[PDB]
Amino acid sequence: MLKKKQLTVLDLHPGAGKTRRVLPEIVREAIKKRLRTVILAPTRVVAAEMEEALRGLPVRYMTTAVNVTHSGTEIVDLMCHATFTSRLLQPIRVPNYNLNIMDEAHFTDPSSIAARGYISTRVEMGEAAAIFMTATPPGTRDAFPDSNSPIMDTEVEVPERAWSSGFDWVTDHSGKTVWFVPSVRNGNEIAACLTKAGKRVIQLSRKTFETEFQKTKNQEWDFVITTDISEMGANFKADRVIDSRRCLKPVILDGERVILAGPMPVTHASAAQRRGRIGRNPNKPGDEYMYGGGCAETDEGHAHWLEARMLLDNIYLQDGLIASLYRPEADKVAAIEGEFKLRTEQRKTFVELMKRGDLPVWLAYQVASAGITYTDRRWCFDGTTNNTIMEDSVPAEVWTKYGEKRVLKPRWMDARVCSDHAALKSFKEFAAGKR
């Protein structure tokens, strides 16, 4: 696996021990061969788990999620997917790692897709080796892969709203359930319904993940309500997964705006990863998987792969060359390679709008490529009237940095800046110049 120009897809089934059994052996061999190695964790939660699996090994943990004092002589680096891509984009030296290991390599967030494209390009150039660790590589058609113990798969109507009757099987269960919902707002309504029924519920989403995931270990719970983020190696002591089999898809309309289309079916990979939360204990057969819809390849035209090209077009590889997307997922977007390449100053604005600004990739690109500097927020208010952002059926309002109360009406409308209360709150602060 570790020889140059080789990209290995480590596709053992979920729970087969890729992270805690195979990965330490890979690291030991890479250290023995003096291979400068990077390990890429999807989340800070997974990064902490890796330190436990790699404990004792000389690994430099480039994340505050791991409290360790370093030897200084480490040739293996561990960081999150997003960190790797962020450092590639910034004016910062990133080592040309001889071995690139990405765990949970099915992650479809833009920075993860970009990392896979950059890494696979360096391998294709004969410059490095790569190992992608995931049971569900891009394009897989198997929603029901092998597991450590048998799983009861049942197609069943799954609530996506509050219910009063007709779903007794949901609440009659006595174990612990992980419930994959299409959106934060959908999970809020289901969680409120379950709590009213006397169930203790924990909710997980991307923004709250690390803080809220700790609750699954520190307090007793009946249900975990989570978006698709729990497809990325989050592990629970559950005996049932309820899967709506649905997700939101960001879609760019006319190159003009981003909507959150759906809910619509998940991919086979996501369905397999959602189901893969259970059936993990070889001595505990009988875990249940209830799924409420079919699968489709809804990653085609999905904005994340367009956004991945926006990132890759602004990562230096060699002179004017631009890294291509990882081959199995390169057809998920109709993009002209290099069409999003920005000049030096606009690239820096693009980066800061994503890092400090916390804006979606697509939205940050629109602002930066328009020649707007990072602190210039006038574009948040001079859009067309149909771009008005609403907050409880009244137009959202903020005080501008000039002290004037104005309606939130961004020139470019990205539905992800207001998909829930927390996102809209963060964008209101941005439009007010508070970060």
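Residue numbers here begin at 1 and follow the sequence given.
Mean CA temperature factor is higher for 86-94 when stretches 136-144 and 86-94 are set side by side in the entry. Comparing the deposited coordinates for 15-23 and 416-424, the stretch with the larger average C-alpha B-factor is 15-23. You'll see in the entry that, of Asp103, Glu212, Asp153, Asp243, the Cα B factor peaks at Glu212. Per the PDB record, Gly72 has a higher Cα B-factor than any other of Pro265, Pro360, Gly72, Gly279. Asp109 sits in the lowest third of its chain by CA B factor, as recorded in the PDB entry. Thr388: CA B factor lies in the highest third for its chain, per the PDB record. Ranked by C-alpha B-factor against the other modelled residues of its chain, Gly371 falls in the middle third. In the PDB entry, a CA B factor belonging to the middle third of its chain's modelled residues is recorded for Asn235. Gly338: CA B factor in the highest third of modelled residues in this chain (values from the PDB entry).
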